[PDB]
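Enquirer: turn this into a structure:
(2 chains, ligands or ions: 3)
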Amino acid sequence: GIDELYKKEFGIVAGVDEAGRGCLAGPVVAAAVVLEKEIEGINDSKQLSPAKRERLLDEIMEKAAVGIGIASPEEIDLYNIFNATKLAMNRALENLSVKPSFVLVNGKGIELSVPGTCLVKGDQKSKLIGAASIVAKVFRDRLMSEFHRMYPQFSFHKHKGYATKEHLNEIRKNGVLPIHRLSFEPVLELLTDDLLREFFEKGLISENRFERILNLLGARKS
DNA sequence: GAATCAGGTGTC
Ligand SMILES: [Mn+2]
Ligand SMILES: [Mn+2]
Ligand SMILES: [Mn+2]
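Expert: Numbers count the residues shown, from 1 in each chain, chains lettered A, B, ... in the order given. Ligands and ions are numbered 1, 2, ... in the order given. Take a look at the structure below.
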């Protein structure tokens, strides 16, 4: 119903949500979702079972229009997690085929390239956002799994890059990766100016990424 | 799914 109020008022209304905010690795995934056909079971992903999201997505990506945006781990470091988040969100709206006259954005304090509004707990106040919530999360998880493929020594399919005990084990044992968020404190902690220069000399990170994390590295213990 | 332990950073 919340959706319908805004639908009647503003016209085409997209729901937006993102996943991967609190992660130590990988990009942040945002999803924009416009939908008219009803989908029973709609609810914020984190209440659902991983396998149910799966069946709800197949359904969602059949009755709805969906845009997907991502922001690079490099962009998180250079821009911060928040602007990287808005950036990802705006890339989703961009990828959406339907151009909404209005957006419902989960959270607070986010203003996108499309006039809209910000709902706290929006992912459980709105069906569109709850749906955008399931798209982001599943798509993200998928990105992380194939990262276990690219870095076999890493349980990215289990911990999704988050600060779990075993993720921190895999980092101390195996080292820090370019896809880790180098500005994120637990990583900054383990990283050395020596590995940082290597990343750069290998052409793995950017000159701008290097300068930041380097300046961040020397700023430690302050 | 809910409880409760862990672990991240942006806004203001
Ligand atoms: Mn929520
Ligand atoms: Mn959510
Ligand atoms: Mn900070």
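Enquirer: so where does residue A:216 fall, helix or strand?
Expert: helix A:207-218 (DSSP states H and E).
Enquirer: now for that helix, which elements pack on it?
Expert: helix A:73-79, helix A:185-190, helix A:193-201 (3 or more C-beta pairs under 8 Å, 6 or more residues apart in numbering; DSSP states H and E). To be clear about C-beta, it is placed using only N, CA and C from the backbone, and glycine gets the same treatment.
Enquirer: excluding chain neighbours, what is closest to residue A:84?
Expert: residue A:71 (4.0 Å; C-beta to C-beta, 6 or more residues apart in numbering).
Enquirer: next: residue A:214.
Expert: residue A:196 (5.9 Å).
Enquirer: count the neighbours of the residue nearest to residue A:84 for me.
Expert: 24 (other C-beta atoms under 10 Å).
Enquirer: pretty sure it contacts residue A:87?
Expert: Yes - using C-beta atoms under 8 Å, residue A:71 is in contact with residue A:87, at 4.8 Å.
Enquirer: give me the common contacts of those two.
Expert: residue A:79 (C-beta atoms under 8 Å, 6 or more residues apart in numbering).
Enquirer: mind listing what residue A:11 touches?
Expert: A:100-102.
Enquirer: top of those by number of neighbours, please.
Expert: In these, the most neighbours by other C-beta under 10 Å go to residue A:100, 24 neighbours.
Enquirer: just checking, it touches residue A:7?
Expert: No - contact criterion C-beta under 8 Å: residue A:100 and residue A:7 do not qualify, at 10.0 Å.
Enquirer: overlap in contacts, these two.
Expert: Looking at what touches both residue A:100 and residue A:7 (by C-beta under 8 Å, 6+ apart), the common residues are residue A:13.
Enquirer: helices of chain A, residue ranges please.
Expert: Along chain A, counting by DSSP state H, helices occupy A:2-10, A:50-63, A:73-79, A:81-95, A:127-150, A:156-159, A:165-174, A:185-190, A:193-201, A:207-218.
Enquirer: any idea which of those helices gets closest to residue A:32?
Expert: Nearest to residue A:32 among the helices of chain A is helix A:81-95 (3.9 Å), distances taken as C-beta to C-beta.
Enquirer: quick one: work out the angle between that closest one and helix A:127-150.
Expert: 110 degrees (axes from the mean of the first three to the mean of the last three C-alpha atoms, to 10 degrees).
Enquirer: which residues are in contact with helix A:81-95?
Expert: A:14, A:16, A:18, A:21, A:27-32, A:67-72, A:75-76, A:79, A:100, A:103, A:105, A:110-114, A:181.
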